[PDB]
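Note sheet for the following structure.
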Amino acid sequence: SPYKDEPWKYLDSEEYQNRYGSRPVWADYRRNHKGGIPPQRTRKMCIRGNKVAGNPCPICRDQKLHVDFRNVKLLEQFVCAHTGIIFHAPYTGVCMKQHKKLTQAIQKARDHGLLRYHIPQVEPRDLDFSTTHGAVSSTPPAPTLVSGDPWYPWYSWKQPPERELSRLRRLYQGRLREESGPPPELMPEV
Amino acid sequence: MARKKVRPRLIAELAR
Amino acid sequence: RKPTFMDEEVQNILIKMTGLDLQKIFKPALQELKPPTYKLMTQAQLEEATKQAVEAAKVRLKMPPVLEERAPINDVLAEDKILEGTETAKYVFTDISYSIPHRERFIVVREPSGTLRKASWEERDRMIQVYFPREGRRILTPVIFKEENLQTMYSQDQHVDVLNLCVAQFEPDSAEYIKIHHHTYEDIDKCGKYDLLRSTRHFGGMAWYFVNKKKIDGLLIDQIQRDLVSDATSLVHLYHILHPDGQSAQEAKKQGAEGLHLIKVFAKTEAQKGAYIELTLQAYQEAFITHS
Amino acid sequence: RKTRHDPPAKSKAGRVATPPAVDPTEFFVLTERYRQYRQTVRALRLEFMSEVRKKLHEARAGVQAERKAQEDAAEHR
Amino acid sequence: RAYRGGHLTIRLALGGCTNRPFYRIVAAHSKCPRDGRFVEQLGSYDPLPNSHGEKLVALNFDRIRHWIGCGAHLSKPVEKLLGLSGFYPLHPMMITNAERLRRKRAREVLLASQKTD
Amino acid sequence: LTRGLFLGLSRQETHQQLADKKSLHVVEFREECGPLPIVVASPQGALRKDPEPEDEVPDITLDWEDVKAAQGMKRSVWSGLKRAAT
Amino acid sequence: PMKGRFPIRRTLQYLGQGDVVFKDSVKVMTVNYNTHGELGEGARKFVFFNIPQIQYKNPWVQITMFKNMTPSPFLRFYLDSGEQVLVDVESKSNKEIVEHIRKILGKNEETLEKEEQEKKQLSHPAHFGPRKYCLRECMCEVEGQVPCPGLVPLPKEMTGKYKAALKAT
RNA sequence: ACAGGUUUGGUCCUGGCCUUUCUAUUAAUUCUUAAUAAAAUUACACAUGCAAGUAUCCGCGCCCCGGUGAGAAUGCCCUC
Ligand code: FES
Ligand SMILES: [K+]
Ligand SMILES: [Mg+2]
Ligand SMILES: [Mg+2]
Ligand SMILES: [Mg+2]
Ligand SMILES: [Mg+2]
Ligand SMILES: [Mg+2]
Ligand SMILES: [Mg+2]
Ligand SMILES: [Mg+2]
Ligand SMILES: [Mg+2]
Ligand SMILES: [Mg+2]
Ligand SMILES: [Mg+2]
Ligand SMILES: [Mg+2]
Ligand SMILES: [Zn+2]
């Protein structure tokens with residue numbers, strides 16, 4: 001349909017006014033169910049492949065309607081004016097796939113400011129605004145930090161005395177492994 | 001914890 | 001002794017500057033509506049009910065604190081070159097305890113280079129929200145605060161909602177809070193939408209911003225057109241306190257006038273465009289005489 | 001997991017253990033690090049132990065505790 | 001559950017679904033199961049980096065030193081985790097693994113260069 | 001049901017009639033409007049200066065169904081079901 | 001409630017709106033009152049209205065009634081240390097007794113508010129676990145973190161099935 | 001429960017059964033792929049392999065984890 005450029009054009013068009021009028025889209029749609037209590041879950045999808053499944057939902061019966069965040073008049077009809085909550089699927093009668101699309105589109109629209117919703121007043125996060133404490137202010141450098149020496153003497157690698165190496169070889173003779181020297185200071189990149 | 005239907009087991013003490 | 005926003009003198013001026021409109025401050029919000037409760041009251045009890053709402057209105061009108069830009073945190077507790085390539089990501093450690101205030105918590109990040117450094121303000125606030133969640137705060141920066149999105153709200157005169165969102169999301173002394181508030185204050189000045197924030201608790205912020213940017217021409221014109229004069233001269237009185245070493249404040253000591261002549265002092269001394277101010281004040285004077 | 005009274009397996013009944021090879025230079029350095037590491041942690045462990053004693057003692061017979069005890073007693077009379 | 005003995009230990013409790021691990025820093029009796037009853041939960045440890053490339057770790061410092069003060073043992077990974085934060089000195093096995101990585105990486109660089117020439 | 005509904009609705013008492021028979025103001029406390037005392041009807045004529053006697057424990061007849069629902073004890077599988085439009 | 005003289009007093013709100021919390025040293029409260037005479041109006045109304053409220057907030061305090069044994073109604077309190085508190089009511093109304101009791105043995109407002117404040121920290125918001133005890137159940141319920149694989153499937157590079165295949169190949 | 005069907009030539013009243021809603025197992029008919037959760041007849045008898053070792057000898061550990069719902073109105077909370 002030649003309406004992807006501006007989905008809201010259809011709402012302002014005369015065709016929408018002639019058919020639906022002032023009342024919402026879902027006003028004239030009635031859902032056929034098994035008895036007095038309608039099932040809590042509507043159809044998953046009514047546009048399976050290229051086949052329309054029976055009585056279509058209000059959104060899937062006229063393909064010129066597009067569910068996007070740009071148009072607000074269409075999305076307003078699925079949001080309560082006073083309570084400010086999103087209508088559930090049984091309330092309108094739309095299929096579950098389009099109901100998920102409506103919820104995501106409405107949530108996206110509220111994130112872009114295109115739709116009004118309640119904003120409660122929030123108190124400031126902190127009671128006292130003080131940057132004096134040492135958690136946020138810089139602490140004096142450690143004596144080992146300015147010198148560049150490691151924080152502990154044993155962090156670095158030290159060559160053991162040769163006498164201790166001889167003792168270990170005697171103790172672990174037979175199952176001894178090849179020794180290695182000091183580790184490289186910096187590791188190159190492959 | 002206890003109940004009113006406690007049975008006085010004796011073999012466990014005998015084995016010990 | 002420079003003036004501050006928490007002084008009693010500035011607070012008392014701003015309390016009566018914003019006014020008190022019960023209908024606007026108590027607006028039915030889009031929430032879960034419940035059936036109302038009815039009761040019988042006499043004339044005396046009605047005034048008692050009214051004054052209780054006034055006290056509740058004053059508490060609901062507590063202006064948010066305004067501060068300057070916070071200094072960046074650049075501190076390194078230790079450096080360990082032995083762990084230069086041990087891990088690829090960086091670890092963030094947060095001290096969590098219900099007794100320690102959030103301003104004193106330790107947030108330290110272990111960069112992959114092996115440096116034990118404190119977390120910056122941008123990441124420190126995010127970590128606090130994750131482990132101490134509260135209503136209205138998004139972990140990531142919302143898309144609503146982009147420049148393109150703000151203009152859409154501003155075109156829909158959503159200025160009051162933008163300010164209320166900014167205080168809830170960002171920290172008052174943060175950089176993002178300052179630029180959003182300043183951008184909102186700049187836009188309402190251009191469009192002359194000062195009537196929107198009349199009874200809003202955020203009116204003190206824009207008034208303080210204007211008195212520090214020496215931009216009072218737009219605000220004074222609107223107040224006169226609203227026939228609110230007793231508070232209009234208070235704004236001029238506020239200007240002298242904030243900027244004593246000025247020609248306008250010197251004229252007040254020289255001439256020593258009162259009432260509307262205080263506005264005339266500023267109109268012909270420091271007002272950038274005093275032609276509109278003087279003409280509007282002249283228009284107010286002739287209209288008031290006719291009405292009286 | 002097995003229990004005390006069940007018999008062991010048959011295939012793995014001859015072996016006992018096979019310790020890995022020992023690097024002479026590396027093992028001694030690692031042993032030195034552990035000896036200093038354990039000593040440092042032990043001092044911290046004892047430091048935390050004394051902190052618990054201080055906190056518990058203040059909660060039992062601290063100065064504020066006597067103030068609270070006298071206040072309720074004085075109010076009751 | 002009534003156990004014969006056991007020692008109080010601070011360890012990591014696994015959680016989450018498959019391919020998405022999530023460890024909880026908890027303090028429980030040594031003889032209880034990994035996900036069993038515990039005394040107090042201290043913090044959390046996210047093993048997977050987020051969009052910011054950060055591995056979040058939560059520590060209850062005042063409570064952590066309380067249990068250590070009363071004689072609580074620590075497992076291998078929690079000591080390494082505490083060593084990284086700076087509450088404890090770097091674990092000796094943490095450094096040795098780093099040194100092994102450098103030597104293996106140095107051998108890898110030399111091996112590649114020898115074949116190149 | 002039809003006769004009972006119309007008889008009950010025709011017996012409804014409005015705010016203005018209640019105000020006139022009590023000679024006191026009636027104040028509506030909207031929950032979403034806060035503690036704002038909205039006035040909906042005023043007693044035309046003389047206004048009584050005597051406040052209503054405040055009873056500590058009111059003597060009113062309550063329905064057990066209303067109290068059960070208020071306390072959160074009705075857990076039927078038909079009360080909270082989602083239905084179609086009005 | 002339909003049956004009863006005052007059905008309102010048998011709802012949860014009425015039992016919960018009475019704010020009289022005895023100290024930890026109060027164990028037994030004995031109330032004696034008369035069923036005849038105008039002087040006992042305060043005592044009888046206190047028993048008929050306030051006693052259920054007092055017992056609801058003090059489940060561990062024994063309350064016992066005695067009718068027509070003493071011509072002058074009175075209340076007797078037994079403490080843990082054996083101390084006996086005698087309260088005399090002969091003309092005091094329903095409200096007066098509650099205020100009098102709340103001051104001699106009731107807890108202070110500052111004590112009650114600080115008691116629940118220390119209780120809040122038990123449910124620390126930073127913990128994880130079941131919904132009944134903790135707010136969140138998993139780290140994936142935090143925006144920014146890696147989501148649960150059930151909702152959004154994970155990339156193949158991170159799946160352990162793909163990791164094992166390349167190691168064996 | 002927002003209720004509906006059903007007594008009788010027929011109305012009102014009282015009073016049952018059943019429908020409409022959601023979850024689990026088995027069976028019938030049908031069935032393309034991926035991911036996650038879960039995996040449940042039987043306290044009936046069991047082939048075979050495996051589930052507790054570690055460690056310079058001493059020692060420590062060996063239903064602790066795990067498994068099951070047979071038994072017992074057993075218990076839950078709570079004091080010690
Ligand atoms: S529930 Fe969090 S990873 Fe699945
Ligand atoms: K029926
Ligand atoms: Mg016991
Ligand atoms: Mg066995
Ligand atoms: Mg699992
Ligand atoms: Mg019949
Ligand atoms: Mg028939
Ligand atoms: Mg089957
Ligand atoms: Mg599968
Ligand atoms: Mg079990
Ligand atoms: Mg069974
Ligand atoms: Mg059985
Ligand atoms: Mg039996
Ligand atoms: Zn559809």
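Chain labels run A, B, ... following the order of the structure tokens; each chain numbers its residues from 1, and ligands are numbered from 1 in the order shown.
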Nearby residues, ligand 6, 12 Å, only C-alpha atoms (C1' of nucleotides) and all ligand atoms, as an MDAnalysis selection string: chainID H and resid 7:8 10:15
Members of chain E assigned strand (DSSP E or B) by DSSP, as a PyMOL selection string: chain E and resi 8-15+22-29+40-45+54-59+73-74
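Residues within 9 Å of residue 39 (chain F), counting only C-alpha atoms (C1' of nucleotides) and excluding same-chain residues fewer than 4 positions away, are residues 25, 26, 27, 28 and 29 of chain F.
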DSSP helix (DSSP H, G or I) selection over chain D, as number ranges by chain: D: 11-13, 24-61, 63-76
Please identify all residues of chain G having at least one atom at most 12 Å from any atom of chain H, considering only C-alpha atoms (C1' of nucleotides), and return them as a JSON list (two decimals) with N, CA, C and O atoms, in the first residue's frame.
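Result file follows (part19.json):
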[["chain", "number", "residue", "atom", "x", "y", "z"],
["G", 60, "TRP", "N", 0.69, -11.93, 72.53],
["G", 60, "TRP", "CA", 1.32, -12.68, 73.62],
["G", 60, "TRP", "C", 0.91, -12.19, 75.00],
["G", 60, "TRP", "O", 1.44, -12.69, 76.00],
["G", 148, "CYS", "N", 18.31, -13.55, 29.49],
["G", 148, "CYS", "CA", 18.12, -14.99, 29.65],
["G", 148, "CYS", "C", 18.03, -15.66, 28.28],
["G", 148, "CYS", "O", 17.34, -15.14, 27.39],
["G", 149, "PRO", "N", 18.70, -16.79, 28.08],
["G", 149, "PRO", "CA", 18.63, -17.45, 26.77],
["G", 149, "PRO", "C", 17.24, -17.92, 26.39],
["G", 149, "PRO", "O", 16.98, -18.14, 25.20],
["G", 150, "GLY", "N", 16.34, -18.10, 27.36],
["G", 150, "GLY", "CA", 14.98, -18.50, 27.03],
["G", 150, "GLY", "C", 14.24, -17.46, 26.22],
["G", 150, "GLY", "O", 13.53, -17.79, 25.26],
["G", 151, "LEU", "N", 14.39, -16.18, 26.59],
["G", 151, "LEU", "CA", 13.71, -15.12, 25.87],
["G", 151, "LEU", "C", 14.39, -14.83, 24.53],
["G", 151, "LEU", "O", 13.78, -14.99, 23.47],
["G", 152, "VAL", "N", 15.64, -14.41, 24.58],
["G", 152, "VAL", "CA", 16.43, -14.08, 23.39],
["G", 152, "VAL", "C", 17.51, -15.15, 23.23],
["G", 152, "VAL", "O", 18.36, -15.29, 24.11],
["G", 153, "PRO", "N", 17.50, -15.92, 22.14],
["G", 153, "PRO", "CA", 18.55, -16.93, 21.95],
["G", 153, "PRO", "C", 19.93, -16.30, 21.89],
["G", 153, "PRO", "O", 20.11, -15.22, 21.32],
["G", 154, "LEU", "N", 20.90, -16.98, 22.48],
["G", 154, "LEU", "CA", 22.26, -16.49, 22.54],
["G", 154, "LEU", "C", 22.97, -16.69, 21.20],
["G", 154, "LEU", "O", 22.61, -17.56, 20.42],
["G", 155, "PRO", "N", 23.99, -15.87, 20.92],
["G", 155, "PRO", "CA", 24.75, -16.05, 19.68],
["G", 155, "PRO", "C", 25.49, -17.38, 19.67],
["G", 155, "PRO", "O", 25.85, -17.93, 20.72],
["G", 156, "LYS", "N", 25.70, -17.91, 18.46],
["G", 156, "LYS", "CA", 26.30, -19.23, 18.32],
["G", 156, "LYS", "C", 27.72, -19.28, 18.86],
["G", 156, "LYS", "O", 28.16, -20.32, 19.37],
["G", 159, "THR", "N", 27.55, -20.25, 22.53],
["G", 159, "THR", "CA", 26.95, -21.53, 22.89],
["G", 159, "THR", "C", 28.04, -22.58, 23.09],
["G", 159, "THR", "O", 28.99, -22.68, 22.31]]
Contacts of residue 262 (chain C) within 10 Å, only C-alpha atoms (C1' of nucleotides), excl. fewer than 2 positions in-chain, as a PDB file with N, CA, C and O atoms, in the first residue's frame:
ATOM      1  N   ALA C 232       6.340  41.060  40.686  1.00  0.00           N
ATOM      2  CA  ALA C 232       7.263  41.498  39.644  1.00  0.00           C
ATOM      3  C   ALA C 232       8.396  42.336  40.221  1.00  0.00           C
ATOM      4  O   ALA C 232       9.558  42.173  39.831  1.00  0.00           O
ATOM      5  N   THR C 233       8.077  43.241  41.149  1.00  0.00           N
ATOM      6  CA  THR C 233       9.117  44.056  41.767  1.00  0.00           C
ATOM      7  C   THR C 233      10.026  43.224  42.662  1.00  0.00           C
ATOM      8  O   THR C 233      11.179  43.604  42.895  1.00  0.00           O
ATOM      9  N   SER C 234       9.529  42.094  43.173  1.00  0.00           N
ATOM     10  CA  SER C 234      10.379  41.199  43.951  1.00  0.00           C
ATOM     11  C   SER C 234      11.484  40.604  43.089  1.00  0.00           C
ATOM     12  O   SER C 234      12.616  40.425  43.553  1.00  0.00           O
ATOM     13  N   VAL C 236      12.882  42.088  40.525  1.00  0.00           N
ATOM     14  CA  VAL C 236      13.860  43.168  40.437  1.00  0.00           C
ATOM     15  C   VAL C 236      14.643  43.282  41.740  1.00  0.00           C
ATOM     16  O   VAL C 236      15.861  43.496  41.731  1.00  0.00           O
ATOM     17  N   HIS C 237      13.961  43.139  42.879  1.00  0.00           N
ATOM     18  CA  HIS C 237      14.652  43.163  44.166  1.00  0.00           C
ATOM     19  C   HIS C 237      15.636  42.006  44.283  1.00  0.00           C
ATOM     20  O   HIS C 237      16.711  42.152  44.876  1.00  0.00           O
ATOM     21  N   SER C 248      22.353  49.398  37.942  1.00  0.00           N
ATOM     22  CA  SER C 248      20.957  49.335  38.364  1.00  0.00           C
ATOM     23  C   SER C 248      20.837  49.332  39.884  1.00  0.00           C
ATOM     24  O   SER C 248      20.001  50.043  40.453  1.00  0.00           O
ATOM     25  N   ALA C 249      21.666  48.532  40.558  1.00  0.00           N
ATOM     26  CA  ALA C 249      21.625  48.492  42.017  1.00  0.00           C
ATOM     27  C   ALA C 249      22.086  49.809  42.624  1.00  0.00           C
ATOM     28  O   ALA C 249      21.593  50.207  43.687  1.00  0.00           O
ATOM     29  N   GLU C 251      21.540  52.752  41.279  1.00  0.00           N
ATOM     30  CA  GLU C 251      20.413  53.666  41.131  1.00  0.00           C
ATOM     31  C   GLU C 251      19.387  53.467  42.242  1.00  0.00           C
ATOM     32  O   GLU C 251      18.775  54.433  42.711  1.00  0.00           O
ATOM     33  N   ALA C 252      19.180  52.218  42.670  1.00  0.00           N
ATOM     34  CA  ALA C 252      18.245  51.958  43.761  1.00  0.00           C
ATOM     35  C   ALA C 252      18.706  52.607  45.059  1.00  0.00           C
ATOM     36  O   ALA C 252      17.881  53.113  45.827  1.00  0.00           O
ATOM     37  N   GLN C 255      18.360  56.766  44.013  1.00  0.00           N
ATOM     38  CA  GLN C 255      17.000  57.290  43.958  1.00  0.00           C
ATOM     39  C   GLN C 255      16.196  56.878  45.186  1.00  0.00           C
ATOM     40  O   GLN C 255      15.475  57.698  45.763  1.00  0.00           O
ATOM     41  N   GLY C 256      16.321  55.623  45.609  1.00  0.00           N
ATOM     42  CA  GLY C 256      15.601  55.139  46.773  1.00  0.00           C
ATOM     43  C   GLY C 256      14.096  55.143  46.602  1.00  0.00           C
ATOM     44  O   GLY C 256      13.366  55.584  47.494  1.00  0.00           O
ATOM     45  N   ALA C 257      13.620  54.655  45.462  1.00  0.00           N
ATOM     46  CA  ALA C 257      12.204  54.653  45.133  1.00  0.00           C
ATOM     47  C   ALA C 257      11.555  53.373  45.650  1.00  0.00           C
ATOM     48  O   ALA C 257      12.180  52.571  46.347  1.00  0.00           O
ATOM     49  N   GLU C 258      10.284  53.171  45.304  1.00  0.00           N
ATOM     50  CA  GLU C 258       9.544  51.993  45.735  1.00  0.00           C
ATOM     51  C   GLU C 258       8.452  51.707  44.712  1.00  0.00           C
ATOM     52  O   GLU C 258       8.098  52.564  43.896  1.00  0.00           O
ATOM     53  N   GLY C 259       7.908  50.494  44.766  1.00  0.00           N
ATOM     54  CA  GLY C 259       6.851  50.109  43.842  1.00  0.00           C
ATOM     55  C   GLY C 259       7.347  49.927  42.420  1.00  0.00           C
ATOM     56  O   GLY C 259       8.442  49.409  42.171  1.00  0.00           O
ATOM     57  N   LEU C 260       6.520  50.359  41.466  1.00  0.00           N
ATOM     58  CA  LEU C 260       6.836  50.171  40.053  1.00  0.00           C
ATOM     59  C   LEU C 260       8.084  50.928  39.623  1.00  0.00           C
ATOM     60  O   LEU C 260       8.711  50.542  38.629  1.00  0.00           O
ATOM     61  N   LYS C 264      11.221  50.610  36.755  1.00  0.00           N
ATOM     62  CA  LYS C 264      11.691  51.703  35.908  1.00  0.00           C
ATOM     63  C   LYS C 264      13.191  51.907  36.059  1.00  0.00           C
ATOM     64  O   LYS C 264      13.878  52.254  35.091  1.00  0.00           O
ATOM     65  N   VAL C 265      13.717  51.697  37.268  1.00  0.00           N
ATOM     66  CA  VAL C 265      15.157  51.809  37.487  1.00  0.00           C
ATOM     67  C   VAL C 265      15.904  50.807  36.617  1.00  0.00           C
ATOM     68  O   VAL C 265      16.843  51.162  35.897  1.00  0.00           O
ATOM     69  N   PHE C 266      15.485  49.540  36.659  1.00  0.00           N
ATOM     70  CA  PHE C 266      16.145  48.512  35.861  1.00  0.00           C
ATOM     71  C   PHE C 266      15.870  48.696  34.373  1.00  0.00           C
ATOM     72  O   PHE C 266      16.718  48.368  33.535  1.00  0.00           O
ATOM     73  N   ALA C 267      14.688  49.214  34.027  1.00  0.00           N
ATOM     74  CA  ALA C 267      14.310  49.328  32.620  1.00  0.00           C
ATOM     75  C   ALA C 267      15.223  50.279  31.857  1.00  0.00           C
ATOM     76  O   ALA C 267      15.522  50.041  30.680  1.00  0.00           O
TER      77      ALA C 267
END
At most 7 Å from ligand 5 (only C-alpha atoms (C1' of nucleotides) and all ligand atoms): residue list as an NGL selection string: :E and (15-18)
Just to be explicit: take each residue in the selection above, keep N, CA and C atoms, and write the result as a compact mmCIF listing (two decimals), in the first residue's frame.
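Result saved to again.txt:
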# COMPACT_ATOMS: atom_id res chain seq x y z
N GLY E 15 23.84 -20.18 39.48
CA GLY E 15 22.47 -19.82 39.18
C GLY E 15 22.31 -19.50 37.71
N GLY E 16 21.08 -19.18 37.33
CA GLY E 16 20.77 -18.88 35.95
C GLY E 16 20.54 -20.12 35.12
N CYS E 17 20.37 -19.91 33.82
CA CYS E 17 20.09 -20.99 32.89
C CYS E 17 21.37 -21.46 32.21
N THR E 18 21.22 -22.40 31.28
CA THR E 18 22.37 -22.94 30.56
C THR E 18 23.00 -21.86 29.68
Within 12 Å of ligand 8, counting only C-alpha atoms (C1' of nucleotides) and all ligand atoms, residues as a count of residues only: 4
Neighbour list for residue 36 (chain F) as JSON, numbers by chain, cut-off 10 Å, only C-alpha atoms (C1' of nucleotides), skip fewer than 4 positions in-chain: {"C": [22, 23, 25, 26, 27, 49, 50, 51, 52, 53, 54, 56, 57], "F": [27, 28, 29, 30, 31, 32]}
Include C-alpha atoms and write out the residues we just selected as a tab-separated table (two decimals), in the first residue's frame.
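So again16.tsv came out as:
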chain	number	residue	atom	x	y	z
C	22	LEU	CA	-4.66	24.73	43.91
C	23	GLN	CA	-6.38	23.62	40.69
C	25	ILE	CA	-0.97	21.83	41.39
C	26	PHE	CA	-3.58	19.14	42.14
C	27	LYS	CA	-4.37	17.83	38.65
C	49	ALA	CA	-9.84	21.31	54.85
C	50	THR	CA	-8.64	24.07	52.52
C	51	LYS	CA	-5.67	25.07	54.70
C	52	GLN	CA	-4.58	21.43	54.99
C	53	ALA	CA	-4.36	21.29	51.19
C	54	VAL	CA	-2.31	24.49	51.27
C	56	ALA	CA	0.31	19.81	51.45
C	57	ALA	CA	0.81	22.10	48.45
F	27	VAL	CA	-17.19	17.80	49.77
F	28	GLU	CA	-15.84	15.31	47.22
F	29	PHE	CA	-12.36	13.95	47.97
F	30	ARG	CA	-11.01	12.68	44.67
F	31	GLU	CA	-8.26	10.12	45.21
F	32	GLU	CA	-6.26	11.19	42.14
